[PDB]
Each structure stands twice: as C-alpha cells, then as structure tokens.
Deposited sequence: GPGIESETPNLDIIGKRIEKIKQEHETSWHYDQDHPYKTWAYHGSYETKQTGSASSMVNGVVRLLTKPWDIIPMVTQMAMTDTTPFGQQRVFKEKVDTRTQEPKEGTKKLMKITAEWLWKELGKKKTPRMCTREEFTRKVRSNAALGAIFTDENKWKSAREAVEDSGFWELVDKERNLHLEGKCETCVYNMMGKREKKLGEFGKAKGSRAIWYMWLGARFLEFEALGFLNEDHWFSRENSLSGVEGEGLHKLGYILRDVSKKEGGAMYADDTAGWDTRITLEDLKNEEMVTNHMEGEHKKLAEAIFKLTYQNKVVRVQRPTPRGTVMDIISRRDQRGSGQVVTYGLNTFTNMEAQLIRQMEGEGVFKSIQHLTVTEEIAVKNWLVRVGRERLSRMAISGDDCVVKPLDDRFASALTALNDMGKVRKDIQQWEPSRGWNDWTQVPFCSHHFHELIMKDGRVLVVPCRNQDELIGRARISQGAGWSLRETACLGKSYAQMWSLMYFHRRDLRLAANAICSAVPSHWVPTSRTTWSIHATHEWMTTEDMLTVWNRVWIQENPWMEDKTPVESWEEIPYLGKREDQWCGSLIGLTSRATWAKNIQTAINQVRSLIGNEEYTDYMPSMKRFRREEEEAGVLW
C-alpha cells in the first residue's frame, strides 16, 4: 500500500501545492481516494469524405450512419478466489511460463527499437507536457535523463513518475518515458512473438485475419464436443491481484538488470496503480488500487492472452473431472492436475484459439459447458448468461465468432479452398467512413481510404459491394499515393504494389493450407460468396439504390478525382467482369 505509492502522490501534491484539497463528495468506494487539484479540458470521430462519397447507398443505412456519431464497472471489486482455485491458477501459470519459455529467451527491448516504433507511427498511447508529439521527445538526450532517472529509481525499488491518466473500455495513458520502461521490460512478449501459434499452441499473435479461419478449421478437425466461445463481462475489470502475481512469474525466467526492471513494473505499476482522473464536478482526482488491468495496449494483449489460456485450461480440467472441489485442493488432486498438464496440456492448448480476452475452445466433450465453478471463482464471469446456466456451444466452425469475425469455406473455380474472414458489411463500411483525428489534409484522408480499400481487396474480396467499392476508391486516389494508418494484425495491404500480386503472395504463395501454388492471373479467377450468403452478411446486392450506384460508379469516381485535382489516376473497374466493357 501507501509506502510504494506515497512518493508518486507527494510529487503530484507539490506540482499543484497551490490547489490540494481532500474533498468529501468523492464517488470512489473501490478506488482509494487521496485528493484533487484543478484542470479544464475534454476526442470525437470525424468522417472520411473520400470513402463516404464512394459509398452513397450506405448514407441511409442507420447501422452505418450511427457509428459516426458520439466507468460503473471499473468501480467493481472481484472477491479473492477460494484456496483450491489460487492453487490451480498458481500451478497452471508455473507450467505455462515454462512451456512458453522452452524456445524463447526473455530479453530487454532497446531505446533504438522504441525510437523506430514511434517514428513509423505505431500507437503506444502516451500524453503530449515538456515536448509536442511522440516523435519530439525521442530525438533529445534530456528526455532519456528523465527516463535514466526513473530507471535507477526502479532498480532502487521506488517509483516517481509512473502515473496512469484515465480518459466496455476507458484507456489508461502514461507519459512516454513510463511507456518506454514498460516496453524495455515486457516488450519481448510481443516483439519476439511469445503468443505465436508455433510457440504457445493456443495463441494467434501475428497470424493475420487471413489465417484465423484456417486455424479454427484445424481445431474443428480434432475429435471432441461443440466449439465454445464465451465472452467474459468487462475482462480488464476482472483481473485479480492473484492474476497479476501469476503473470509476474515470467520474471522467474529472467536475470540481471532485466529481472529487477520487470519485477519493478509488476510490483510498482501493475500491483500498485496510481491514476489521475478528470471529474467534471473539472478537477483531477488521485486514486489508487491494487488490482484490475492497467498496462499498455500491447503488453495487456500478451498478459490477457496468458491469463485467458490459463483459465480455459483450468475450465477444461474441471470439465474432464481432474479436480472435484475448488474450496481447497487435495494433495492427490495436485498430482492429478500436475500429471494432466504434463501428459495432455500441450494437446489441450492446441484445442483453443486465444486472442487476449477472446477465445474459442473445442473441449474433449460437452461436460465443459457446465464446468463453471473455477471460471466464476477466478472472476472471469461470462457475458449475457446467468452465472450458473450452461454455456451453449456451436456445431460448425463457420458459425463460431472470433476477433469480431466469422469464417466462410469458399471453393475456387479451380477446386482449391480459401477460408475467408467476414462480418456484417454495415460494420466494415461504417469503420472505413471514420478518420480518428484533427487536421487531416484531403491527401491524408484520401490515403487512409486507400488503406481500407486495399484491406477490403485482400480480406473481404468475396463480398461484391466491398470489391466494387475498393476498385472505386483505388481508381479515385492517385495510383502512386501511399496508404496511411494512425494506430497500425499482419497489414500486407500497407504497400503501393499491385494488389493481385499481394493476393497471390498471401492466399497462394505464403498460405500453408494450399498445396498447389499456381498463381491466379486476374481478379475474375477469385470467387465470391453465394449471392444469398452475401445478402445474409449485409450486402445491398438486389436493391435499387445499389444497382444505380454500381451502374453509375465512374461518375462518383470522377467527383472525387475533381475535388483532389489533376494527378495521375488508374481505372481499376475493368478488373471486374461487368465493367470490363
């Protein structure tokens, strides 16, 4: 408690020693409240005019238009689990780290790795303040003094400047220096692909939307019961102290300066948070707590994946009756769990596809559906079902939801079999029509649109409206202008190369589920979903407004060409059969 956080709080108390007050109408019961000073400020989503002008039929679809417009679960507290649960979680975490580290070496990430990261404009979610942008503070050795200072503080076992700014979400920013030190200690989890499928068997980190469908299908091929895919209710707010402690056991695989630094992040930022919060009543409240998730977007992913793999293995143990009760674990129930992990624990990881808080499990049989005592006690309460009502399974990998997607089996006119990702096309068009940020040029706007268009052509080519609208946007943006993206899966659509050539690389060449690597010569070799499948997943094919739009597409393309100016443009519409004269 208050020794570990006191320093961070005293430094802020003094930064605003003109303001300090212990207010009596503070709405925090779960969050420890320490005081407040004075402030006054707020990020609304803007519309991409290039994408909107080339998707006109969707101007009257509320599912699309509504997306463009527009904290009582973060004030909850999960009961510390039963003892038998704590034992199960501790034993499984131990085994899992060993498994994940069998062919990886934990290592410190570098200034030079973090420097290049912010320059190529990755999202690390920091605050703007001594410097301007993310890019400014990196080029300057007086910054890395402020970093150097903190780093030595962490080795000394204290912490001064590592404070969360708050603003089923609510993202926790940290000043860049704080994000560096996190990244230095734990960046290896992402950067060295600890949660690749090759390395973790359950994981899909860096597999890409074009491989996930194939991965669910290979899980389907295993003998067993239904595919379960239960979402947890507000998973970040359900991360117990015991989860943070079991996550910390990765430091047991570390050494030297690294081991101390990783230990510092876990003990001082994760297991003892300090957070500054705007309360429009506007002030800045300074609250603490020992539990819940609050890392950076990217480390959160890897740790969520870890704890999720752990819970689902344990839910599988309960379904297979490896243990009976969670109130306390016997010493034979210990050796039985242990014997299980050793004998079948790798086989059981390969029955799962886990991506942070999200999972699909094909358990050994359907007893799994009513194995709820361990899961509920770990605090990983399922969403939109009664706490003790059995999970409902899926009989068909092409119905399982995973990473906001479903997957179709699509058979090429030459018999080869693509497995393609999909979701409600209103979702895909509403997202493409949004440009997060202030002060975009017509050219930067146009280049974002082209990123979406190039993705549609790569991932969602089997949807008729998305192929046509992608050809239209790429016809309407200068052929040579480069795709952009302000918070960068595997993004092979981020290139100026011929898209049919990328398609052959991604779907034929680099695809391990394709045994015949015969290139595809033109876009008409590449099949669509069935017309009715396309309509089920939101297609406007058959509607009057869409038939007009398609017939008169070269007129919308020209409107955009005229707003941008006289530049060098390619016509891509002859790539489709109907427009090919």
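- Residues of the deposited sequence missing from the coordinate set occupy positions 1-9, 52-53, 82-92, 151-153, 193-207, 322-324, 532-535, 629-637.
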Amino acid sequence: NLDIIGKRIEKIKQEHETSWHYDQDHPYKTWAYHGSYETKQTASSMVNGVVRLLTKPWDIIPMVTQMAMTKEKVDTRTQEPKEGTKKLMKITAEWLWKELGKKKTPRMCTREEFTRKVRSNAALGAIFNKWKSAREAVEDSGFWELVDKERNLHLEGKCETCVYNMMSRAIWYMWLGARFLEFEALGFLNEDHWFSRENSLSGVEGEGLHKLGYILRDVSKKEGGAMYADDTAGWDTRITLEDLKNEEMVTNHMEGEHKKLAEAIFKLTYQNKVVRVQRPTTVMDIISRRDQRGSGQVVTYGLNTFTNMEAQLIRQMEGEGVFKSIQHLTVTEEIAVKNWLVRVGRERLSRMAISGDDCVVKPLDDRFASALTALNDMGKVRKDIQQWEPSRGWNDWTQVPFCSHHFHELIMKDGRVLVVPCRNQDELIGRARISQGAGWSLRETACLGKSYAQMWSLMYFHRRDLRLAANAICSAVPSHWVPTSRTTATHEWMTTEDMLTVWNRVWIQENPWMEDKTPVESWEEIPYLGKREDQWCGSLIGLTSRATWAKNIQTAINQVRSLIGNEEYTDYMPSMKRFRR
From here on, numbers count along this sequence of modelled residues.
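For the two forms, the rigid core is made up of the largest set of C-alpha atoms that agree within 1.5 Å on superposition.
- Fitting each structure in 9 other deposited structures of this protein onto the rigid core and averaging C-alpha distances over structures and residues, 45-53 emerges as the more displaced of 45-53 and 25-33.
- In a rigid core superposition of the other structures in 9 other deposited structures of this protein, 550-558 and 524-532 differ in how far their CA atoms stray, and the farther one is 550-558.
- In at least a third of the other PDB entries of this protein that model the residues around it, residue 128 has no coordinates.
- In the record comparison, residue 168 is unmodelled in at least a third of the other entries of this protein that model the residues flanking it.
- Stretches 329-337 and 389-397 differ in mean CA B factor, with 329-337 having the higher one.
- The stretch with the higher mean CA B factor, choosing between 261-269 and 447-455, is 261-269.
- Within the selection 404, 202, 252, 168, the deposited Cα B-factor values reach their highest point at 168.
- Of the candidates 90, 104, 193, 111, the one whose C-alpha carries the top B factor in the deposited record is 111.
- Ranked against the other modelled residues of its chain, the C-alpha B-factor of residue 517 as given in the entry falls in the middle third.
- For residue 148, the recorded CA temperature factor ranks within the highest third of the chain's modelled residues.
- Among the modelled residues of its chain, residue 26 has a C-alpha B-factor that falls in the highest third, as given in the PDB entry.
- When the CA B factors of the chain's modelled residues are split into thirds, the value for residue 9 lands in the highest one.
- The PDB entry assigns residue 305 a C-alpha temperature factor belonging to the lowest third of its chain's modelled residues.
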